[PDB]
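Novice: I have a structure I would like to understand better, so I am pasting it below and will then ask my questions one at a time.
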Amino acid sequence: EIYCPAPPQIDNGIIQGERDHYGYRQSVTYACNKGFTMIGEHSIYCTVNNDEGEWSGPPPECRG
Amino acid sequence: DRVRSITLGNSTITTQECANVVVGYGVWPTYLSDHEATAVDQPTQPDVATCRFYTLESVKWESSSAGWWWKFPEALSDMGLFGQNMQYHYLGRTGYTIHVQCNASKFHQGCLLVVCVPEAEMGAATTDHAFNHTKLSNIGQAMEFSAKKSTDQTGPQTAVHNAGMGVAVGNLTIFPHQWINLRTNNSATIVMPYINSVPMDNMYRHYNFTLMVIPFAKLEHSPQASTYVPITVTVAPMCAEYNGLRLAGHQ
Amino acid sequence: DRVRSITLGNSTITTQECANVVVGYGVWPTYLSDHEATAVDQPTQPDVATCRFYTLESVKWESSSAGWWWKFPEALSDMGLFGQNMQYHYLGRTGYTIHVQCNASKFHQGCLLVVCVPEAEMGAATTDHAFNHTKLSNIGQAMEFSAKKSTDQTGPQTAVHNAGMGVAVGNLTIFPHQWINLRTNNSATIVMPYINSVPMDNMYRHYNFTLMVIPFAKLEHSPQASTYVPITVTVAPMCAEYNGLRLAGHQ
Amino acid sequence: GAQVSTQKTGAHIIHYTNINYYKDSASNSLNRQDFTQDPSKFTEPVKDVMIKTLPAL
Amino acid sequence: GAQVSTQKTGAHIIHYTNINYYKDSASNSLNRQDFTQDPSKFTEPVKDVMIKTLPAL
Amino acid sequence: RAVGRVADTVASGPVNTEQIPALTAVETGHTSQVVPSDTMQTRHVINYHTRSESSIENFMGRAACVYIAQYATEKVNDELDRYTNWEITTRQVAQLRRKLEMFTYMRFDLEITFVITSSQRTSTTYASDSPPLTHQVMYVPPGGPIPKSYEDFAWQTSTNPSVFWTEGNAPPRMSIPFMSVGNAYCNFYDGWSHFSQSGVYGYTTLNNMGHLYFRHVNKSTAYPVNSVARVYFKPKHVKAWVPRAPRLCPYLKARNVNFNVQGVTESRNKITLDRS
Amino acid sequence: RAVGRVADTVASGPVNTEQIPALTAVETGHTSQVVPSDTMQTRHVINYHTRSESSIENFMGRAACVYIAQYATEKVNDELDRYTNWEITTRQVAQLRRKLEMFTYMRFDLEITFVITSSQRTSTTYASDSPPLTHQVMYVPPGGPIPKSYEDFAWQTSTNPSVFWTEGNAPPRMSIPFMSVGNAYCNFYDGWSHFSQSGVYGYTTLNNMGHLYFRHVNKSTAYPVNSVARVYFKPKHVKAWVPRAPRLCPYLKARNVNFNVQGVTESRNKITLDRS
Amino acid sequence: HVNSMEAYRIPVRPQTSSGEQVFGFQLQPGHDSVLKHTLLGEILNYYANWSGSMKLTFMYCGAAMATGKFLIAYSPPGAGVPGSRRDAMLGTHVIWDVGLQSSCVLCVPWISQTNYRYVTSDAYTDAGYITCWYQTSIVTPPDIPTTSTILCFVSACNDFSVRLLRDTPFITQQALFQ
Ligand SMILES: CCCCCCCCCCCCC/C=C/[C@H](O)[C@H](N)CO
Ligand SMILES: CCCCCCCCCCCCC/C=C/[C@H](O)[C@H](N)CO
């Protein structure tokens, strides 16, 4: 099996439900802390394009 | 009117913005007659226990989406007594009723093509390389076309403008189809009879057809609208019968 | 003559020293009529896929043997589509055809009683102690009566002269039975209709009857004869139907 | 609506009278006069009939 | 003036007898055998009839 | 089919049609008439189930106690006098009161049973020879002359109905016609008693059914004995109109509909369920 | 011939034939139908013997006691409280239980009789004048509100059936219809109570017929008295299905079919006999 | 939430993943805390048996521009509680589409081995579970609030029947009222 990265995340947010190993189609979900408003969505997931990796999109950000 | 209600087995489906019902090539699904049949055994015909609306998993319509394809009956292989009668039997003959449903709003826009392609033989991503049997069709998750060409070593060709088979994607409208136009339509339903050159065949080494849905006009809304519209498929077998009871497969 | 042939489903059974057929209490197994039924749903009735001769494992007739008991339908719980229709359904109503077969020679001696006891509620070995649900009936292996009284902490009472239920073992001949007398007989067959006070019931929390075989006159032969005579049971459901399709049990 | 039936007397004024008073049927008297019997379900539970004079085998 | 009506028995000697003794009608027995019902006053109290297969709107 | 026999389910097949028996509108105030054979496939079962135990004669036609009347043979106070009284109202018990406030207007004939059980009062000694005591139950109509005391000649039952009972026998029974002056027994009367919207509020002003006076006919006892008279109403030939919602909160007063507030139902911990 | 009349023996002669009425096969599971006139020479007798006392209505139709309910007038413990209860089951006596476990499925209407016999409790003295005590027997259905104590308003018998009885009269009798929810009274239930094959085993899970609450209506007695209420079931209009073998070993528990082992019969000293 | 009007309000909102559970309760119409105190609860609690099927009529009380789809399922009590929408689609279910008709009637049928079921629940006559799952999602235009409300009504069909009168365990008392 192939395993997705951790990844090094995130600015102004927090992790909900952290398992150490991320596999196929499993999504990370990041809530921004109390005092920051959204820029875009929350949850990205893992993809496969070659035999290694990878993640699907860019990480979110929050303004406040 | 614009309302229709389908009731198969113990489960029913109601719609309120339904265009019509496209009954395949003009054929309602029927049983095998006594002069088209070949197998000399007695078939088992479960009426209510099999023919009902098994719902799949709901896929997400991204704004950058490309399309998705399911492959039947192997996409119905772990649902109910369908996936149990498929193991204990060599043959199998059935028609289907496929109900693709997607509601967003009157402030969203987008248009899907919902087609049922008989025997969509798919070309390889990298040629002179036989691709995997799970990169064509996993058991429950759909599959996804790519936005550009594929460079996989053991997968199919997932460029959506070539529809996987190698034809122009706009020429798919001879296979029995509908559209889900979020301006008017809400749900597309196709009644597909059993299409094969043999009366009954195996269920595991042969995908009788392929349900492809493809967003032609992409999903675009306001940034303050609902940023998650799902697409659920609710497929039901019809007039199913199986033959040649042996031990459980499928090796 | 002394030959009979039963054909159920895709499988047949031939005998050449067969006494007769004991059709329960005079009732051939039938389907549920429209005025005895209670469940308002439509039942699934698999004709050939279920009603066939599932053979169990063959048990060994020792010279010091006591007896064996099976508990139906829970002894047919991992055979074919019977054990799959039992999981995906709340109710279930069926009759059976039980064929116990044992051939040795014309130089062996012995006599079995082959009985089908409706609702053989079994007493505990050690009282004020609820016994286990697998010391009554495992899924495929039969069970065995003991030769003397039992001193188990969580088992049933397996003294064979009291037949488990607490009655005299010779008084079991009102339940529909036969005998396998190795002088004349070879195989015993009982056709048991559906015996219950409800039209359909659950299949897992209720054993509708109990097939007990007991050697009355024990197996004795020469020391130079064949020192291994087996006893095989070949039970087939008849007129089976199930109701209330839900997800797979049985917890 | 009276009912007059036969009393139980020996075999070598022989009537009685029954008026049901209560509106139910659980409130009836006992049904002591049903002597129908069919013992061929337990004595002859066989599929092929066996004449008592012919050999059974 | 006797009255003979039907007892309450189950559905797969079935009569009873009622003599009113007292001159009033408050002195009667209970009227346990009226099973008429009309639930359309509470289920369908509408002015325009609504067929269960047509849309209500 | 016979009367009171519930309907059976007809056969059905796999439909695909423009008929929608499941979609409706509650905004019209119309309860749906969906047969189970409309939304799924059902067989043809035949229901022999009768609705016998649901009718108002089978429902209300069971005798329920309404009062516990206490009296004695030697007066100790005015709660345990030589006689007693009971202003006739069916709102003093909690069981029959809820069965009668399920409908607004009722019209029922009654039959009354008294279960009168004497019991010897505690004292220093108890040994005596006592004749079997006799009880008198007089029904004073609304407006009649009430007995101010025992040994009064208002107990002469000159025109009022009275029953007598020597201990040991069957309990007494008498039947009562529909005794109202309107056309139905108003269980609920949303209004006042005086015309200037004052006085007393509710159904107290409409309950004018009289009194019920109990006494011992036997004059003396060597050691006193406290009797307990329980009254058992039972409606019959009953009609019922305008069904109410059944009462949630338990009662407080025998003339008001006063109540404390409570929740609508018992609370669980989460709205969903979780088990695979 | 009339119904229930046993058959007579026809005449026979000295045969010499290929017909063998005596030779058969038990391996077929068929009991022989050999008339005595088949294996010997018999005359022509006429049997007038009726089978009246063997039918299930004549067999089961005799009243048998099922419980001994003890209660008192002054509470000393919770076994001799001011009231008592009885979870309704016919498996507490040894005589009627064996008559009902001779068939698997029964369907019988019942009629219940109570023989209630008070008896004075031992004390220093006994001299008192006591009114005749009154007993109340309430039948709580499965799920109803049970009375937690005496002087509780659950005894109001608002909807539950209740009988009253003043001592000295005939015993009370009421009839009960076929009260099951299935289609027969399952005497034996070979199965568990929960779906994962656990819980309680046997016919305990199917016996849900309610309770039966006894009490004294009379509030006090100068010196206490212990009453004994015996309940007498009697089946009628009875059907019976799937006959069982009759039980050899005597019972142990009132909910299980637990038993000790014993021999099949009484033992003699030798298999043959000897006398000339 | 029983001491307010928030008891009747089943809340729905736009989701992030489909197939989640809206509500869920056991089908015990005389003993379960959801159903024993309604109009089908107070009349059924006067009895001891009940037969026949029931209804469960819904009503979307959201905005007129919103759009949802739901899957209401009744599963017989064999295999336990359905865990996800894939486990609950196998039993009885009805796919409710929210349109101009703002109601949908799941008619919970009568599947039982006994002719009657007890009101106060025993494990021999257990009756099932009623769930409801997000079929697709809630999709709204802008300038509409998120939290909506679905009202759930219960009724009986024309084959309901009750038996074996008793007294209700809801109205108690200690002393007489004066
Ligand atoms: C010899 C004694 C005879 C006693 C005669 C008493 C008969 C009077 C009983 C009145 C019957 C109706 C009782 C009142 C019911 C009310 O309408 C509702 N409960 C309102 O509270
Ligand atoms: C006023 C008092 C009325 C009392 C009403 C009690 C009636 C209920 C009696 C139930 C009748 C069936 C008794 C149970 C028999 C069982 O089927 C077998 N013995 C199994 O143990």
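In this analysis, Cβ positions are derived from the backbone assuming ideal geometry, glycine residues included, and neighbour counts consider all displayed protein chains. No lab work stands behind these numbers, since they all come straight from the coordinates.
Novice: Quick one: is D:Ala2 more than 25 Å from E:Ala11 (Cβ to Cβ), of a type in the set (A, V, I, L, M, F, W, C) and at the interface with chain G (Cβ under 8 Å from one of its Cβ atoms)?
Specialist: Working: more than 25 Å from E:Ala11 (Cβ to Cβ): yes; of a type in the set (A, V, I, L, M, F, W, C): yes; at the interface with chain G (Cβ under 8 Å from one of its Cβ atoms): no.
Considered against the rule, which asks whether it is more than 25 Å from E:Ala11 (Cβ to Cβ), of a type in the set (A, V, I, L, M, F, W, C) and at the interface with chain G (Cβ under 8 Å from one of its Cβ atoms), D:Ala2 comes out as no.
Novice: Taking the residues in the stretch B:114-132 that are within 23 Å of B:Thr55 (Cα to Cα) and out of contact with any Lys or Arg (no Cβ under 9 Å at 6 or more places or on another chain) as candidates, determine which candidate is farthest from the other protein chains (Cβ to nearest Cβ).
Specialist: Taking the stretch B:114-132 and keeping what is within 23 Å of B:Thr55 (Cα to Cα), we get B:114-120.
Add one more test, that the residue is out of contact with any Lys or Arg (no Cβ under 9 Å at 6 or more places or on another chain), and what stays is B:114-119.
Details: B:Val114: 15, B:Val115: 20, B:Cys116: 17, B:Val117: 23, B:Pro118: 21, B:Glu119: 26 Å.
Here the answer is B:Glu119.
Novice: Please find, within the stretch D:14-27, the residue that is surrounded by the fewest Cβ atoms within 10 Å (Cβ to Cβ) out of those that are facing chain E (nearest Cβ under 8 Å) and within 14 Å of E:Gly10 (Cβ to Cβ).
Specialist: D:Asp24
Novice: In the stretch H:133-178, what count of residues is obtained for those that are within 30 Å of H:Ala64 (Cβ to Cβ) and among the charged types (D, E, K, R)? Walk me through it before giving the result.
Specialist: Here is the first cut: in the stretch H:133-178, the residues within 30 Å of H:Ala64 (Cβ to Cβ) are H:133-155.
Subsequent filtering for residues that are among the charged types (D, E, K, R) retains H:143.
The qualifying residues number 1.
Novice: Turning to a different aspect of this structure: Exactly one of (1) surrounded by fewer than 17 Cβ atoms within 10 Å (Cβ to Cβ); (2) under 16 Å from F:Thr89 (Cα atoms); (3) more than 14 Å from every other protein chain (Cβ to nearest Cβ) is unmet by F:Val257. Its number?
Specialist: (3)
Novice: Take H:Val119 and tell me if it is more than 17 Å from the chain's Cα centre (by Cα) and buried (at least 23 other Cβ atoms within 10 Å of the Cβ). Can you show your working first?
Specialist: Numbers: more than 17 Å from the chain's Cα centre (by Cα): no; buried (at least 23 other Cβ atoms within 10 Å of the Cβ): yes.
No.
Novice: Can you spot a residue in the stretch C:93-103 that is within 12 Å of chain B (Cβ to nearest Cβ), crowded, with 23+ Cβ neighbours inside 10 Å and either within 17 Å of the chain's Cα centre (by Cα) or of a type in the set (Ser, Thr, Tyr) (or both)? Quick ask: steps written out before the conclusion?
Specialist: Filtering the stretch C:93-103 for residues within 12 Å of chain B (Cβ to nearest Cβ) gives none.
Scanning the stretch C:93-103 turns up no residue that is within 12 Å of chain B (Cβ to nearest Cβ), crowded, with 23+ Cβ neighbours inside 10 Å and either within 17 Å of the chain's Cα centre (by Cα) or of a type in the set (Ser, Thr, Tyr) (or both).
Novice: Confirm whether F:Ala64 is within 12 Å of chain G (Cβ to nearest Cβ), more than 16 Å from ligand 2 (Cβ to nearest atom), crowded, with 18+ Cβ neighbours inside 10 Å and of a type in the set (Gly, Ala, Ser).
Specialist: Numbers: within 12 Å of chain G (Cβ to nearest Cβ): yes; more than 16 Å from ligand 2 (Cβ to nearest atom): no; crowded, with 18+ Cβ neighbours inside 10 Å: yes; of a type in the set (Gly, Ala, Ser): yes.
The answer is no for F:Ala64.
Novice: Taking the condition more than 20 Å from F:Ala7 (Cα to Cα), of a type in the set (S, T, N, Q) and away from chain G (no Cβ under 14 Å), does H:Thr131 pass?
Specialist: Details: more than 20 Å from F:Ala7 (Cα to Cα): yes; of a type in the set (S, T, N, Q): yes; away from chain G (no Cβ under 14 Å): yes.
Here the answer is yes, as H:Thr131 does meet what is asked.
Novice: Continuing with the same structure: Conditions first: (1) part of a loop (DSSP other than H, G, I, E, B); (2) farther than 17 Å from B:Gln101 by Cα; (3) more than 9 Å from every other protein chain (Cβ to nearest Cβ); (4) touching a strand residue (DSSP E or B) at 6+ places or on another chain (Cβ under 9 Å). B:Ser33 passes all but one, so which condition is the exception?
Specialist: Answer for B:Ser33: the failing condition is (4).
Novice: Right, next: Those residues that are over 41 Å from the mean Cα position of the chain (by Cα) and surrounded by fewer than 17 Cβ atoms within 10 Å (Cβ to Cβ), I need them from the stretch G:23-50; list them, please. Steps first, please.
Specialist: Residues of the stretch G:23-50 over 41 Å from the mean Cα position of the chain (by Cα): G:23, G:38-44.
Within the stretch G:23-50, G:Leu23, G:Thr39, G:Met40, G:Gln41, G:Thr42, G:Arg43, G:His44 meet the criteria.
Novice: Considering only the stretch B:55-66, I want to know if a residue exists there that is of a type outside the set (A, V, I, L, M, F, W, C) and under 12 Å from the mean Cα position of the chain (by Cα).
Specialist: At the first step, the residues of the stretch B:55-66 found to be of a type outside the set (A, V, I, L, M, F, W, C) are B:55, B:57-58, B:60, B:62-65.
Applying the additional criterion that residues be under 12 Å from the mean Cα position of the chain (by Cα) yields B:55.
Looking for residues that are of a type outside the set (A, V, I, L, M, F, W, C) and under 12 Å from the mean Cα position of the chain (by Cα), one finds at least one in the stretch B:55-66, hence yes.
Novice: Let me ask you something else. Here is a list: B:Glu74, B:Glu36, B:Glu57. Which entry is over 23 Å from H:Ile95 (Cα atoms), of a type in the set (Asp, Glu) and surrounded by fewer than 18 Cβ atoms within 10 Å (Cβ to Cβ)?
Specialist: Numbers: B:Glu74 fails: surrounded by fewer than 18 Cβ atoms within 10 Å (Cβ to Cβ); B:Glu57 fails: over 23 Å from H:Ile95 (Cα atoms).
Only one candidate passes the filter, namely B:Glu36.
Novice: Going by the conditions given, is G:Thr204 within 10 Å of ligand 2 (Cβ to nearest atom) and facing another protein chain (nearest Cβ under 7 Å)? It would help to see each step written out before you state the result.
Specialist: Details: within 10 Å of ligand 2 (Cβ to nearest atom): yes; facing another protein chain (nearest Cβ under 7 Å): no.
No: the conditions fail for G:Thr204.
Novice: Please verify whether G:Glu101 is of a type outside the set (S, T, N, Q), within 11 Å of ligand 2 (Cβ to nearest atom) and out of contact with any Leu (no Cβ under 8 Å at 6 or more places or on another chain), treating the condition exactly as stated.
Specialist: Yes, satisfied.
Novice: Can we say F:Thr89 is within 10 Å of ligand 1 (Cβ to nearest atom) and more than 9 Å from chain G (Cβ to nearest Cβ)? Show your work before the answer.
Specialist: Working: within 10 Å of ligand 1 (Cβ to nearest atom): yes; more than 9 Å from chain G (Cβ to nearest Cβ): yes.
When the stated conditions are applied, F:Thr89 passes them.
Novice: Going by the conditions given, is G:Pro145 within 13 Å of ligand 2 (Cβ to nearest atom), closer than 30 Å to H:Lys36 by Cα and within 14 Å of chain H (Cβ to nearest Cβ)? Give the steps one after another, and end with the answer.
Specialist: Numbers: within 13 Å of ligand 2 (Cβ to nearest atom): no; closer than 30 Å to H:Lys36 by Cα: yes; within 14 Å of chain H (Cβ to nearest Cβ): yes.
When the stated conditions are applied, G:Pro145 does not pass them.
Novice: Another question, if that's okay. Can you tell me which residue among H:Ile95, H:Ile72, H:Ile43, H:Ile10 is surrounded by fewer than 22 Cβ atoms within 10 Å (Cβ to Cβ), farther than 26 Å from G:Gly143 by Cβ and of a type in the set (A, V, I, L, M)?
Specialist: Details: H:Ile95 fails: surrounded by fewer than 22 Cβ atoms within 10 Å (Cβ to Cβ); H:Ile72 fails: surrounded by fewer than 22 Cβ atoms within 10 Å (Cβ to Cβ); H:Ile43 fails: farther than 26 Å from G:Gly143 by Cβ.
Selected residue: H:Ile10, the only one of H:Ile95, H:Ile72, H:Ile43, H:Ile10 that is surrounded by fewer than 22 Cβ atoms within 10 Å (Cβ to Cβ), farther than 26 Å from G:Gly143 by Cβ and of a type in the set (A, V, I, L, M).
Novice: Can we say E:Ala56 is in contact with a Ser or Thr (Cβ under 6 Å, 6 or more places away or on another chain) and of a type in the set (A, V, I, L, M)?
Specialist: Numbers: in contact with a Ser or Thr (Cβ under 6 Å, 6 or more places away or on another chain): yes; of a type in the set (A, V, I, L, M): yes.
When the stated conditions are applied, E:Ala56 passes them.
Novice: Test G:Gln156 against the stated conditions and say whether it is facing another protein chain (nearest Cβ under 9 Å), within 16 Å of ligand 1 (Cβ to nearest atom), part of a loop (DSSP other than H, G, I, E, B) and more than 23 Å from the chain's Cα centre (by Cα). Show your work before the answer.
Specialist: Numbers: facing another protein chain (nearest Cβ under 9 Å): yes; within 16 Å of ligand 1 (Cβ to nearest atom): yes; part of a loop (DSSP other than H, G, I, E, B): yes; more than 23 Å from the chain's Cα centre (by Cα): yes.
Against the criterion (facing another protein chain (nearest Cβ under 9 Å), within 16 Å of ligand 1 (Cβ to nearest atom), part of a loop (DSSP other than H, G, I, E, B) and more than 23 Å from the chain's Cα centre (by Cα)), G:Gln156 qualifies.
Novice: Of everything in the stretch G:1-28 that's facing chain D (nearest Cβ under 7 Å) and either aromatic (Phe, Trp, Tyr) or touching a strand residue (DSSP E or B) at 6+ places or on another chain (Cβ under 7 Å) (or both), which residue is nearest to D:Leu54 (Cα to Cα)?
Specialist: Selected residue: G:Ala25.
Novice: Among the candidates G:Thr265, G:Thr221, single out the residue that is more than 12 Å from ligand 2 (Cβ to nearest atom), surrounded by fewer than 18 Cβ atoms within 10 Å (Cβ to Cβ) and more than 25 Å from H:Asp122 (Cβ to Cβ).
Specialist: On the way: G:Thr221 fails: surrounded by fewer than 18 Cβ atoms within 10 Å (Cβ to Cβ).
The conditions single out G:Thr265.
Novice: Looking at (1) under 30 Å from H:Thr114 (Cα atoms); (2) in a loop (DSSP other than H, G, I, E, B); (3) not hydrophobic (A, V, I, L, M, F, W, C), can you tell me which one C:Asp152 breaks?
Specialist: (1)
Novice: Taking B:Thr151, is it surrounded by fewer than 19 Cβ atoms within 10 Å (Cβ to Cβ), within 14 Å of another protein chain (Cβ to nearest Cβ) and either of a type in the set (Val, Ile, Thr) or farther than 15 Å from B:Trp68 by Cα (or both)? Walk me through it before giving the result.
Specialist: Numbers: surrounded by fewer than 19 Cβ atoms within 10 Å (Cβ to Cβ): yes; within 14 Å of another protein chain (Cβ to nearest Cβ): yes; either of a type in the set (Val, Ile, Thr) or farther than 15 Å from B:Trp68 by Cα (or both): yes.
Yes: the conditions hold for B:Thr151.
Novice: How about the stretch C:15-32: which of its residues are among the polar types (S, T, N, Q) and within 15 Å of C:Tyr96 (Cβ to Cβ)?
Specialist: Step one: filter the stretch C:15-32 for residues among the polar types (S, T, N, Q), giving C:15-16, C:20, C:30.
Once the filter is applied, which keeps residues that are among the polar types (S, T, N, Q) and within 15 Å of C:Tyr96 (Cβ to Cβ), the stretch C:15-32 yields only C:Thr30.
Novice: Taking the stated definitions as given, is G:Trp165 aromatic (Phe, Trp, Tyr), closer than 30 Å to F:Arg97 by Cβ, more than 16 Å from ligand 1 (Cβ to nearest atom) and away from chain H (no Cβ under 14 Å)?
Specialist: Numbers: aromatic (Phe, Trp, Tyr): yes; closer than 30 Å to F:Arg97 by Cβ: yes; more than 16 Å from ligand 1 (Cβ to nearest atom): yes; away from chain H (no Cβ under 14 Å): yes.
So G:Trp165 fits the description; yes.
Novice: Continuing with the same structure: Inspect the stretch B:211-230 for any residue being under 15 Å from the mean Cα position of the chain (by Cα) and either surrounded by fewer than 19 Cβ atoms within 10 Å (Cβ to Cβ) or of a type in the set (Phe, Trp, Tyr) (or both) and give the result as yes or no.
Specialist: Pass one, the stretch B:211-230, residues under 15 Å from the mean Cα position of the chain (by Cα): B:211-214.
If we keep only those that are either surrounded by fewer than 19 Cβ atoms within 10 Å (Cβ to Cβ) or of a type in the set (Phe, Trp, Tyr) (or both) too, we end up with none.
No, the stretch B:211-230 has no match at all.
Novice: Among the residues of the stretch H:70-92, is any within 14 Å of chain G (Cβ to nearest Cβ), under 25 Å from F:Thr31 (Cα atoms) and among the small types (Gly, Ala, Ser)?
Specialist: Checked the stretch H:70-92: at least one residue is within 14 Å of chain G (Cβ to nearest Cβ), under 25 Å from F:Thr31 (Cα atoms) and among the small types (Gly, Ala, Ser).
Novice: Of the residues H:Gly30, H:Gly19, which single one is assigned to a loop (DSSP other than H, G, I, E, B), at positive phi and away from chain F (no Cβ under 11 Å)?
Specialist: Result of the check over H:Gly30, H:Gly19: H:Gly19.
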